[PDB]
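Structural description and commentary
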Amino acid sequence: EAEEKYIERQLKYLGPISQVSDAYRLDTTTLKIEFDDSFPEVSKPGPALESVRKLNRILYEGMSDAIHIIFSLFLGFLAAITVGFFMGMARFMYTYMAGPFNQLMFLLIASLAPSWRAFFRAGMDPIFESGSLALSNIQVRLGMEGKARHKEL
Amino acid sequence: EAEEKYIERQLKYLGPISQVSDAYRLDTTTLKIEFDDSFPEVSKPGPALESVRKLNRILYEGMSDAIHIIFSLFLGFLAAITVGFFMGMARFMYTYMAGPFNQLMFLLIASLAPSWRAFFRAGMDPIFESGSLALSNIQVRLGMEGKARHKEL
Amino acid sequence: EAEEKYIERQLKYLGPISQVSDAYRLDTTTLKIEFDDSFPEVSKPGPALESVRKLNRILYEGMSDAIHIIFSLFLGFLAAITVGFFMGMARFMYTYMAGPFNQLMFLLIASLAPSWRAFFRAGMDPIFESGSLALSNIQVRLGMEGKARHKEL
Amino acid sequence: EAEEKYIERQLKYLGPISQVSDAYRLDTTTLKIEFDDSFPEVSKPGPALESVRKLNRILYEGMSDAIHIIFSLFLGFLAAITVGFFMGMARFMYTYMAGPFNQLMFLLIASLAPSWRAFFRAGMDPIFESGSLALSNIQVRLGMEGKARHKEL
Amino acid sequence: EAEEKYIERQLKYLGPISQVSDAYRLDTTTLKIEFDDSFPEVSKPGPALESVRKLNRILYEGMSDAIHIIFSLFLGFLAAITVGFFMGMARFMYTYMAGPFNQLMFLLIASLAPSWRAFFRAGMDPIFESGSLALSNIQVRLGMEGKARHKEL
Amino acid sequence: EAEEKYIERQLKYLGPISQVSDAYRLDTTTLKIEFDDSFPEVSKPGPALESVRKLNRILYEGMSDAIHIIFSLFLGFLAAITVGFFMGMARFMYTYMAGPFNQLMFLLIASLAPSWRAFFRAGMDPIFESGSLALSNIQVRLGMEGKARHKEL
Amino acid sequence: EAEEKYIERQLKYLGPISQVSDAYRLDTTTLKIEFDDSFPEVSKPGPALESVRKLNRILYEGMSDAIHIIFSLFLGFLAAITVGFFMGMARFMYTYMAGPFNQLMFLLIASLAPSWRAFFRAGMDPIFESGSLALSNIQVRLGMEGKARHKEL
Amino acid sequence: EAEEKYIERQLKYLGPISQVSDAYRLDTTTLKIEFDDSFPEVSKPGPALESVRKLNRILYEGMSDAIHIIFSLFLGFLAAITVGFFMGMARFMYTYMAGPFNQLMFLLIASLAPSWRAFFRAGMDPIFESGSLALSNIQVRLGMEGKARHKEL
Amino acid sequence: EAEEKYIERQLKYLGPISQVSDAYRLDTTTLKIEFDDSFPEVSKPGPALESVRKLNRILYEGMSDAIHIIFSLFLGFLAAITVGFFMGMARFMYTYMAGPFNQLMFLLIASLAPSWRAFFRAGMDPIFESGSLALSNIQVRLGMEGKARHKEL
Amino acid sequence: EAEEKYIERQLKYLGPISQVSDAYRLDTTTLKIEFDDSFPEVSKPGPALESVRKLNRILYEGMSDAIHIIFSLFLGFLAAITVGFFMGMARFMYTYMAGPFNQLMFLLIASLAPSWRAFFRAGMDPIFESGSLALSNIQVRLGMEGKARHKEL
Amino acid sequence: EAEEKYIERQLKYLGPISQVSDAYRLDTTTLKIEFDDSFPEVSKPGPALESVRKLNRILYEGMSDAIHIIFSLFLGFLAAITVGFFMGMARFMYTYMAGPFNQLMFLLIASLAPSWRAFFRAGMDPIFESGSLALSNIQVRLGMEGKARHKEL
C-alpha cells in the first residue's frame, strides 16, 4: 500500500524542487499536529490496544479543539483589530517612503559605477589574460570496452 | 527467496531518496521491536532449537504487551488530557502572535535590502569580472578507441 | 488539487531562472499580505471554527484598508509632489552631467591600457606556457556494463 | 563453478547498494560460524586428509550445539522475561513522553526561524551574488578523432 | 497573463547572455522611473483606491516632466556647447597622439620578447614534463541501470 | 595460451569488483602454496633441468603433507573441542545479551535526536543558503570538430 | 523590434569569441561618441521634449565636428610627417637588427637544452610514476530514471 | 613487423588492467634473463658483428646453465626438505590457531559497534545536512557549434 | 559586411589553435603598420573630413617608405654581409660540436637511470597503492526531466 | 612525404600507450646513433655540400665500427664468461632462497591483518558515514542551444 | 592562399600530438635559417623595395654558404674521426658493462619488494577503506531544455 503510493508520487516529476529563491517564507507547511503523529507507535497495535487508542484519541482532540476555540473567540477578536491598524500604517510607509528612497539611491549609484569598473579592469585584466594560458594544450587518449542489454516493455 | 524480493524492490524506482528538505521529522520509522529482531541468531536453528525459541517468544511477547497495555490504560489517560491543554494553547499562540510578527519583520527588512545590494555590488563586481578571464581559452585534443557488444532480450 | 497544479506549473519550463544580471531591483514581489497568510493555521478548520475565522477576516481587512485609504488620500498627496520635484532634478543631472563625464573618462582610459597590457604579457606569459605542459599526456582506460528498459507512452 | 555463479549474481542488478540511510542497524548479517569457515584450508585436501577433516567437523559442531542448547534452555528463559519487562516500559515512555515533547519543541522552533533567515540573508547575499560572476565567460575549443567496432550477439 | 508572456520570452533563446567582453558600458538600461515603479503596491488595489492612485499619478508625472523640460531648455543649451568643445579636442588627441605612441611601443616590445620566452622555457619546461606523468594510468570500472519513458507531442 | 584465457576471463564481466562493504572477512583466498609457486623460475626450463625439478617437487610435497597430516590428527583433535566450547558460549552471549542492549540504546537515542537536529538546522541553514548563490550564473560557449570511422563485425 | 534583432544576431554563431591570442591590439572598437550615447535618456521622450533634444543635437554635433576639422587640418599635417620619420627608422631597425639577434639567440639556446632536459627527467620522473598509482582502481555504481518529451517544428 | 604485432595485441582488449586488488604477489613475471636482453645493442649488427655475437651467446648461456644445474642438484635437494618441514607447520598453525582467534574477535567487535555508530551519527549528522544546501541552486546556460564527418569501412 | 565575413571565417574550422608546441617563434605576424591602423578614428568620417584624411595619408606613407628605402640600401648592404659571416660559423658549430656532445650525454645518462627508477619505485609504490582505495565505492542516484525541439534546415 | 607517413602511423591506434605498469625496463629503445642523427643539419644541403657529407659519413662510420668490433672480440669474450658465472648463482638464489622467505612472510602477515582491519573500521567508519550527507541534495537546471552540420564521405 | 592551406593541414588529424614520451630528443626541427626568416618584413614590399631585397638575399646566402663549406671541409674532417673513436668506445661500454649491472640490480631488488609491499599495506589499508565511504550516497536531480538545428551537406 504505502510504498506503492509513495513511488507513484515520486515518478510524476523528477526535477529540482528547492525553494532558495524566496527569502520571505514561513515554515508552517512542515508541521503535523494530530493524534497519530503526536503519540507515535513503534509497532502495529492489536485489537486489544486499539480500544485504548480509541479512547485517548477523543480525549486529546476534544480538549485541544475546545481550548483553541475559546481563545480564538475571546482573544483573537482583539488581536485582529490591533494587527490591522499597524499593518495599514506599514503598507502606507512601504508605498510612500521606501520606494522613492530606493529609486533615488539607484540613480545616484548608477552614475558613478561605470568609471570605477573601467578603471579597475584596465589595470587588472592582463594578470588574468596571462593566467588563461594554463588551460590550453590539454590532450587526452582514451580506450573503451562495453556490453549492453535492453528491453521494450 | 530474500535476495529476489530485495532486487524486485530495488528495480521499481532508481532515483533520489533523500529527505533533507524536511527539518521537523521523527526517527520512529527505523526501529524494529520484535522477538526475531530483539534476539538475533547467528545461523539457522535446527528443529531441536526451534522449540526453545518457540517458548521464549511467547514469554517475551506476552510480558511486553501486558506491561504496555496496563500503563497505557492507567497513565496514558492523564497524559492525553495534559498534553491536549498545552497543545491548544500552542496552536492559539502560533496563529495569533508569531505570524503577524514575522510578516511585519518581513516588511521592515524588504524596504532596506535593495540599496545595500546595489551599493555593495557596484563596488565589488569588477574584481570578479576581471577574474572571469581565466576560464576563457580552453582547448582540448582528444582521441578514442572503442568496442561494443549488445543484445535484445 | 494543489500538488497537481504545482506540477503542471513546474513542467512548462525547466531552464534557469536566476536574476543576478540585474543589480537595481526591488523585493516587493515576494511579499504576501492577506488574512490567510497573516494568520496561518496548522491544520484544516472544522465548520465550528470557520465562523470565528469568518468574523476575524472582515475585522482585519476592513481596518487595514481604512487606514491605508485615509493616509494615502491626506498624506500621499504631498509625497507625490515632493518626490516629483527631486526626481525631475535627478533626471536632468543624469542626462547632462554624468554621461559626458563617463564618456570622457572612457576616452582617457582607452588610450593608455594597450601598452600596459602588452608590456605585462610579454614578461609574464612564458611562466604559464611552461605550466601548460602538466595537462598533456592524459590517458584513460574504461570498461562498462549496462541494462536498460524503456517505454513509449 | 564458483566464478560462474558469482558472475551470474553480479549481472542481475548493477545499481547502488549502500545502506547509509539507516542509522539503527545491527551487524549480524556479515558473520559466518561454521566449520568450513572457522577452520580454513589453504589448498584443496586430498582423500587422506578428508577423513581427519570429517572427524574434526562432527566433534566441533556437536560440542558447539550442545552448549548453546543447554544455556538457551536454562538461562535464556530468565533473560526473555527480564528483557520483556523493560521493553514494555520503554515502549510506553516512547509513545507517551518523547513524542509530545518533540512536537512542542518543533512548534517553538518553527515560530522564530523565518525572521533569522530573512535577516541574515538580506545582509549576506550580495557577497555571493558578486562572486557568481567568476563562472561566466567560459569558452571551449574541442577536436576529436575516433574509431569504433561493434557486434550483435 | 504575466507568467505566460515571461515563459514565451524565455523559450526563444536559451544560450549565454553575459556582457563581460565590453568594459566601457553604462548602466542606464536597468533603471525604471515611472509611477507604477516609483510607488509600488503590495497587493492589488480595489476600485475605491484606484481613484486615489489616479490622482497621485497625474500630480507626480506632471511635476516631474515640467521640471525636466525647463532645466533641459535653459541649462542643457549651455551644457551641449561646453561638452562639444572638449569632445572635439578629445577626438583630435586620440587620433593624432595616442595611436602612434601605442604602435611604437608595440614595435619596441615585440623585438625583445621572443628571446626571453625561449630562455625561460628552455630552463623551466622539464619540471612540468616530469609532473605530467601523474595523470597517466587512469583506470575506471563502471556499471549502470536505467529506465526511460518518452512521448511525441 | 595464457593471455588468451586471461582475456576471455576479463571480457565476461566489466563492472565493479570491490569488497569494501564487508568488514569481517579473511585473506585466505589470495594465498598460493604449491611447488610451482613456492619455488619460482625465471625462465622456461629445458629437459635437462626438468628432471631436477621433478625430484625436488615430490620431496617438498611429501614432507609438507606428512607433517600437516600428523599434526592435524594428534593436535587438531583437541583444538576442535576446545574452540567449540568457547564458540557455544559466544553464540549464547551474542543472542541473549548484546541484542537487547543495542535495541534499548536505539530507543534511548531515537527519542532525543529530532530536537537537536531541528535546533541546529534552524540556526545554521541560512549560512549555506546564502553560499548557494555562487553556482548560479554559469555560462558556456563551445565549439567542436570531429571525424569518425566504424565497422560491423 | 530591438530584442528580435538582438536574438537574430545571437543565433548566427554560438561558438567562442575571445581574443586573448593577440597581445598587440587597441581598444577603439568599443567606444561610442554620438549624441544619443553621450546624453542618455532614462525613459522615452514625448513630442514636447523631442524638440529640445533636436536643438541640442545639432548644437553639440556642429561644435564637435568643427573643432576636430580645424585641428586635423592645421596640426595633424605636422603630426603625420613627424610620425612617418620615426616609423621609417623603426621599420629599418626591426628588420635589420632585431631578427638576426633573435635567431642567433635561438641557435645558442637550442644547443644546450636537450642535456638539461634529459638530466632532470632521469632523476625526477620516478617520483611521479609512483604517484600515478593513486588514480587506478576507480569503481562506480550508477542508477537512473528519466522522462522526455520532444517535437518536430 | 614488430609494431604491427604490438598494435594487434593492443586492440584485443581495451579495459582496465591494474592488479591492486591482490596484496600478496611476486614480481618474477617482469624479469627477462637472456643474451639478447642481458647484452643489449644500440643498432642493428651487420654480418661481420653477428659472428662475434654468435660466439659470445653460446659462451654466456652454457656457463649460466651449468652453474644453475649443479647448484640445483647438490643444494636445492636440501632446501626442498628444509622448507617443506616449516611449511607443513605453518599450514597447521594457520588452520587451527589463527582462524578461530579471528572469528572470536569478529564476534566481540560486532556486538559493540552499532551503539557507537548510532550515538556518533545522532550528534554529528545535522552539521552535514546543513552543509548540503550549498550544492542546490546550480544553473547553467550553454551554446554549441559543431561539424562532423564519418565513414563506413 | 564586416560581421558577415567574420562569421564566415569563424565557421570554417572550430578546433584548437594554440601554438605552445613551438618555443622558437617571432611575434611579427601580429603587427599592423598602416595609416588606417596608425591613426585610428572613433567614428565614420564625413566627406568634409575624408579630404583631410586623404592628404595626411599620402604624406605619412611617402615619408615612411622613403626613409626605409634609403636606410635599407645604404646600411642593410653591410648588415647582410656581417650577419652572414657569423651565421655560417654558427651553423658549423651547431653541426660539428653540439650534436655529438648531446648524444654522448644521452648515452651516459641512459645507462644509470633504470636502477634508480627501480630502487625508488620498489620502496615508494605501496604508499600510493594503499591510497588508491579511496576512489572505490562510488555510488550515484540520478533522476531527469527533459524537453526538446528540433528542425531540419 | 614525411608528414603523410606520420599521420598514417598515428591513425592506426588512438588508445593509451603508457608503460608505467613495468618497473624493470631499460631505456635503450630511445637512442639513435647514426651519422644523420649524430651530425644534424639545420637546412637541406645542396649538391656542393652533399659531397663533403658523403666523405665524412664513411670516415665516421668506419672508425666507429672498427673500434667496436675489436673491443667486442678481444674483451667481450671475457665479459661473457664472467657475467655468466654470477648470473647462474643469482638464478639459484632467486629460486631457492627468496621465494620461500616471501611465502612464509605472506602466511605470517595474512593471519593478523583481519582483526586490525575490523577493529579500526568499527571505530572510524561513522565519521565518514556522517560526512557522506554533504553530497546529497544536488539540483541542476540546464538550458541549451545548438547547431550541427555533417557529411558522409 | 595561406589560411586555406593551413586549414587543410589542420583538418587531416585532430588527435593528440605531444612528444613527452621521449626524453632523449633534439630541438633542431624548430629552427629556420633563411633570408625570408632571418630578415623579417612588417608589411608587403612594393616593387621598388623588392630589388633591394633581391640584392641583399644573394649577398647573405652566398657568404653564409661559403663559410660553412670551407669549415666543413677543413675542420669537419678531423671532428668526424675524433668523435667516431669515442663513440665506438661508448657503444662497447653500453653493451658489455651497463646492461649486466642493471639486470643484476633488478634481480636484487625484485626479491625484497613483495614483503615490504604486503607489510605496509596490511597496516595502512583500513585507513583508506574507511575514507571511501564519503563518496557513497550521491544523489542528483536534473532538468533540461533544448533547441537544435541541423543540416546535411
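- For chain A, the PDB entry supplies the name Caveolin and the organism Salpingoeca rosetta.
- In its PDB record the entry is named "CryoEM structure of the Salpingoeca rosetta caveolin complex".
- Among the UniProt annotations of chain A, the heading Sequence similarities (unreviewed entry) holds the following wording: "Belongs to the caveolin family."
- Entered under Function (unreviewed entry) in the UniProt record, the comment concerning chain A runs "May act as a scaffolding protein within caveolar membranes. Interacts directly with G-protein alpha subunits and can functionally regulate their activity."

Concerning the overall build of chain A
- Helix and strand counts for chain A stand at five helices and one strand.
- Against the globule reference of 15 Å for 153 residues, chain A gives a C-alpha radius of gyration of 32 Å, more extended than a compact globule.
- With respect to the three principal axes, the spread of C-alpha positions in chain A is 80 × 70 × 30 Å.
- Buried positions account for 51% of the 153 residues belonging to chain A.
- Total accessible area on chain A stands at roughly 7500 Å², and carbon and sulfur atoms take up 66% of it.
- For chain A, the distance from the average position of its 16 positive side-chain charges to the average position of its 17 negative side-chain charges is 6 Å.

Thoughts on the UniProt feature "transmembrane region" (unreviewed entry) in chain A
- Mapped onto this numbering, the UniProt entry annotates "transmembrane region" (unreviewed entry) at residues 66–89 and 101–120 of chain A.
- From the first C-alpha to the last, residues 101–120 of chain A spans 29 Å; its make-up is 90% helix and 0% strand.

Considering the interface of chain H and chain G
- At the junction of the two partners, chain H supplies five residues and chain G supplies six residues.
- Each partner contributes to the roughly 370 Å² buried at the junction of chain H and chain G, and carbon and sulfur atoms together form 61% of this total.
- Viewed at the interface, chain G and chain H are joined by zero salt bridges.
- Joining chain H to chain G, the criterion identifies one residue pair in polar contact.
- Taken together, the residues of the side of chain H that touches chain G sort by class into two nonpolar, two polar and one charged.

A look at the packing of aromatic side chains
- Under the definition given, this model contains 110 aromatic pairs over all chains.
- Here the aromatic rings of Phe35(A) and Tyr60(A) are separated by 5.9 Å at their centres, their planes lie at 50 degrees, and the arrangement is tilted. Here the residue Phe35(A) occupies a position in helix α2 (residues 35–38), and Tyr60(A) occupies one in helix α3 (residues 47–74), the gap between them amounting to 25 residues.
- Among the aromatic residues, those joined into a ring-pair cluster are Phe35(A), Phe39(A), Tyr60(A), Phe71(B), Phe92(D) and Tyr96(D).

Some words on the layout of surface pockets
- The volume enclosed by the second largest pocket comes to roughly 490 Å³.
- In terms of lining, the second largest pocket is formed by 23 residues, of which the most central are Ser43(A), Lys44(A), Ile33(B), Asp65(B) and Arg91(D).
- Counting residues per element, the ones that place at least two in the lining of the second largest pocket are α3 of chain A together with α2 (35–38) and α3 (47–74) of chain B.
- With six residues, α3(B) is the largest single contributor of residues to the lining of the second largest pocket.
- By residue class, the composition of the lining of the second largest pocket is 10 nonpolar, five polar and eight charged.

Looking at unusual backbone geometry
Residues and elements named next belong to chain C.
- Positioned with a positive phi, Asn137 is a non-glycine residue whose angle comes to about 60 degrees.
- Its location among the elements puts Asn137 in the loop between α5 (113–131) and β1 (138–152).
- On the basis of relative accessibility, which here comes to 13%, the residue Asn137 falls in the buried class.

Concerning the interface of chain D and chain B
- Taken together, the contact pairs 70 residues of chain D with 74 residues of chain B.
- The junction of chain D with chain B conceals about 6600 Å² of combined surface from both sides, 66% of it contributed by carbon and sulfur atoms.
- For the chain D face of the interface with chain B, the top three residues by lost area are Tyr13(D), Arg91(D) and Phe92(D), together amounting to 9%.
- Inspection of the chain D/chain B interface yields three salt bridges.
- In this structure, the salt-bridge partner of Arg121(B) is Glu129(D), at a minimum N-O distance of 3.4 Å.
- Our enumeration of links across chain D and chain B arrives at 25 residue pairs in polar contact.
- Going through the elements one at a time, α3 (47–74), α4 (76–110), α5 (113–131) and β1 (138–152) of chain D are the ones with two or more residues in the side of chain D that touches chain B.
- When residues of the side of chain D that touches chain B are assigned to their parent elements, the largest contribution, 23 residues, is made by α4(D).
- Looking at side-chain class alone, the side of chain D that touches chain B contains 39 nonpolar, 20 polar and 11 charged residues.

Notes on the environment of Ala80(A)
- Here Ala80(A) lies in helix α4 (residues 76–110).
- For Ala80(A), a relative accessible area of 1% puts it in the buried group.
- Apart from the residues within four sequence positions on either side, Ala80(A) is in contact with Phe39(C), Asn56(C) and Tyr60(C).

Focus: the sheet that holds strand β1 (residues 138–152) of chain E
- Strand order around the closed barrel formed by 11 strands is β1(A)-β1(B)-β1(D)-β1(F)-β1(H)-β1(J)-β1(K)-β1(I)-β1(G)-β1(E)-β1(C), with parallel pairing between neighbours. The mean angle between the axes of side-by-side strands here comes to 25 degrees, regardless of whether they run parallel or antiparallel.

Remarks on a negative patch on the surface
- The grouping of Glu152(A), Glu152(B), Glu152(C), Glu152(D), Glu152(E), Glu152(F), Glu152(G), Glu152(H), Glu152(I), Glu152(J) and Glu152(K) at the surface amounts to a negative patch.
- Within the secondary structure, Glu152(A) sits in strand β1 (residues 138–152).

Here we look at the side chain of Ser130(E)
- Mapped onto the elements of the fold, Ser130(E) is located in helix α5 (residues 113–131).
- For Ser130(E), a relative accessible area of 0% gives the class buried.

Some thoughts on the pairing of β1(E)
- Pairing geometry for β1(C) and β1(E), over 13 bridges, is parallel. Paired with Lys151(C) across the strands is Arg149(E), a residue of β1(E).
- In terms of strand pairing, β1(E) meets strand β1 (residues 138–152) of chain G through 11 bridges, oriented parallel. Of the residues in β1(G), the one forming a bridge with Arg149(E) is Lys147(G).

Thoughts on a nonpolar patch on the surface
- A surface patch of nonpolar side chains, amounting to about 320 Å² of accessible area, comprises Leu104(C), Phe85(E), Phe86(E) and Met63(G).
- Following the sequence through the fold, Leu104(C) ends up in helix α4 (residues 76–110).

Conventions adopted
- Residues numbered from 1 in each chain as written, not as in the entry; some residues may be left out.
- Chains lettered and ligands numbered in written order.
- Heavy atoms only, no water.
- UniProt positions renumbered as here; feature names shortened; annotations may be inferred.
- Helix = DSSP H or I, 4+ residues; strand = E, 2+ residues; numbered from the N terminus.
- Rg over C-alpha atoms; globule rule 2.2 N^0.38 Å.
- Buried < 20%, exposed > 50% of the residue type's maximum accessible area, 1.4 Å probe, protein only.
- Areas by Shrake-Rupley, 256 points an atom, 1.4 Å probe, with all protein chains shown as cover.
- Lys, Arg positive; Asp, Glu negative; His and termini not counted.
- Charge placed at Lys NZ, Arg CZ, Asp CG, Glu CD.
- Contact = heavy atoms within 4.5 Å.
- Buried area = accessible area lost by both parts, 1.4 Å probe.
- Salt bridge = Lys/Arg side-chain N within 4 Å of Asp/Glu carboxyl O.
- Polar contact = N/O pair within 3.5 Å; in protein donor to acceptor, adjacent residues only side chain to side chain.
- Nonpolar A, V, L, I, M, F, W, Y, C, P; charged D, E, K, R; others polar.
- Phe/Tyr/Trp six-rings, centres within 6.5 Å; stacked < 30°, edge-to-face > 60°.
- 1 Å grid on protein atoms, 1.4 Å probe; cavity = no way out; pocket = protein on both sides within 12 Å on 5 of 7 lines; lining within 4 Å.
- Points joined across faces, edges and corners; volume = space filled by probe spheres on them.
- Pairing = 2+ DSSP bridges.
- Axes fitted to C-alpha atoms, helices over the stretch in contact; angles between N-to-C directions.
- Patch = residues over 30% accessible without salt bridge, like charges linked within 9 Å, V, L, I, M, F, W, Y side chains within 5 Å.

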